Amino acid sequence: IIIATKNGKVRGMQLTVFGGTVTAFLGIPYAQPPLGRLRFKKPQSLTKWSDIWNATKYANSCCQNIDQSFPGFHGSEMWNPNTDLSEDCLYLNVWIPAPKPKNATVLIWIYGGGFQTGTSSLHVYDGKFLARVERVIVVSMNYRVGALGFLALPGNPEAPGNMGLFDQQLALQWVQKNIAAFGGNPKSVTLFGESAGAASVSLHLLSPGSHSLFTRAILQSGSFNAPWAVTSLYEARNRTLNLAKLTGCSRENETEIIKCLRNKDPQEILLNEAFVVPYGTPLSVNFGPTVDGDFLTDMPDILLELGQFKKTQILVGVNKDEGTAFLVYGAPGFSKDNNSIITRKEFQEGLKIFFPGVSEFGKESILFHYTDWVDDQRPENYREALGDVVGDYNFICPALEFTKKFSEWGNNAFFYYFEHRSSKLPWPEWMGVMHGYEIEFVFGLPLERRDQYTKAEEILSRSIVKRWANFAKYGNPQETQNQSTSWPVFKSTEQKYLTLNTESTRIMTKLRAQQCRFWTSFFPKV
């Protein structure tokens, strides 16, 4: 139960799952901790050790602001970090099947959180059910978020930008050099993540230094062409210097600002991160991926459009009600505690919150496209409209356009539409199939009947886990043995996609066709 890696021995622990055993190695370090001189730098290789590292508990989460908008509410607190925050957080986790497999496919998980939050130690990210049920090895890693992971002064190796993407990339290399010792096949590595984690997975498809570190990709509710995912390199510099003044760290030697920011206390940087943008939205990515000239050599949209990415199979998908979660973090007349029926003027107020820097005409064009009704006095007309707007603009339409663009360079792609509202979902029912609430199905939590899910949820999670596993091993997300719906390839022309629900599973075409022609062709011009 001790494994010898390239930097020394590590001790794990075994776990009982479904009357079998999984071996967990929680908290293997994969880089020299990025403190002091190393804060804001790319991660550095990890010096050998001759003891036995004890990988028996999750390591520290990375520094980050907590969501304190619904204290005590499980719906928001289940996403808050559940281990000590620290700048010493570059660690990873590995769940291997027991008995040790011999050439197992490796699934590498990248959590979301808008590039400002998240941690690999969340309960819904527990890879033990996947290791037990599909006999894959599951790896997740922590990576720097917010200013600590994405502060950008282009070219300056003191704060080059994209450091958190490089933490991810060094985790992938760790798996390349070391996963053979755990019984895994480095030649069969599938990346999957959700939200900002999905956008990260898509950026690894573009970054040449990641080409050789993984085989396939799975993108849940996210991609790099979402409007919140990448920021221009000049908007990045404006933000790092606005943080510089806010901490009184202003200089004309850019390098001297960095070493000034290197002496400030993480809490001081965290509490100023929010204000480096002129007007915030509940979707703001204050510090995030940029075109840095190293991880990312051009605007991702050019690279996607011109076929400059890793050629491979992708699995891409979204939830029915991506946008609702954000409405109760700032939209007036909205609350998780009533059913949030809003008015036409409340709707228009909501647009100013989510599209603050957008012209009067832009906002009416949004209102005009979403507010001519199949019936004008459904009292929830404007409430549903505002949720669709946020979800279609921020998630569904970027994921559809990514998939279109990706598949027209010849690779197989599969698109799902997740529309089961979980029975354990703590938010009110008007919020529907919320952002992030497919993750528990992917990780196979409903497989554990000890814990509150209907039998129908267990069965739906059982096939999702099988399709995901079959996609990782074989490049094809079919459930073959149980007479399931066949998942058609998503072609650029007909655009078939698969719906995922408890009743049964249907092939449909051209998800949100009218809404996406608005968002992806009209609205970019305004």
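Position 1 is the first residue in the sequence shown; the rest follow in order.
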{"property": "Which of 261 to 269 and 172 to 180 has higher mean CA B factor, as the PDB entry lists it", "result": "261 to 269"}
{"property": "Mean temperature factor over C-alpha atoms, higher-scoring stretch between 491 to 499 and 47 to 55", "result": "47 to 55"}
{"property": "Peak C-alpha temperature factor (PDB record), options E438, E194, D337, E134", "result": "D337"}
{"property": "Residue with highest C-alpha B-factor in the PDB entry, from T312, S121, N162, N238", "result": "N238"}
{"property": "Chain thirds of CA B-factor: placement of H204", "result": "lowest"}
{"property": "Third assignment of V10 from its chain's C-alpha B-factors", "result": "highest"}
{"property": "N80, C-alpha B-factor rank within chain (lowest, middle or highest third)", "result": "middle"}
{"property": "Within-chain third of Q481 by Cα B-factor, per the entry", "result": "highest"}
{"property": "Chain third (lowest, middle, highest) by recorded CA B-factor, residue given as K42", "result": "lowest"}
